[PDB]
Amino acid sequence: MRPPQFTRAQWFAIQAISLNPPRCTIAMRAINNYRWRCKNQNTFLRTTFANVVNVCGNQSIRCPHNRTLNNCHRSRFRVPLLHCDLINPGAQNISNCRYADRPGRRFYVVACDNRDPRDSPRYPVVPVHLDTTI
């Protein structure tokens, strides 16, 4: 599970949003610091939380990686991103996780839901998971 101190949207933001991420091995430390083991893959969308919230407002579509769900939302434009792949998945802790970098520019698909009570009142509907990029 996610760290209990974070809402789904807050944990989404920590993992999936970074406007100018450093190289993956550095950028991933901010995520893995909250974990017991290294995340095997992660995509940083180079955008803002507010921008993703706006994408939550368009037409509801099927989630490509969760095909029983239809609370997903696709961006109208391709966005710059940085994908990170764990090179040493046998790592037993987070002291030494190494990542390969794959920059790109793709549409993204997010699942959105009603906010958590701990979420800011500014956005009643928020992204809760990055489903995929296209």
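Note that residue numbering begins at 1 and tracks the sequence as displayed.
Look at the C-alpha B-factors of 96-104 and of 38-46. On average they run higher in 96-104. Residue-level inspection of the entry shows that, of 25, 10, 114, 18, 114 has the top Cα B-factor. Highest C-alpha temperature factor among 51, 75, 33, 59 per the entry: 59. When the modelled residues of the chain are ordered by their C-alpha B factor, residue 69 lands in the highest third.
Residue 128: CA B factor in the middle third of modelled residues in this chain (values from the PDB entry).
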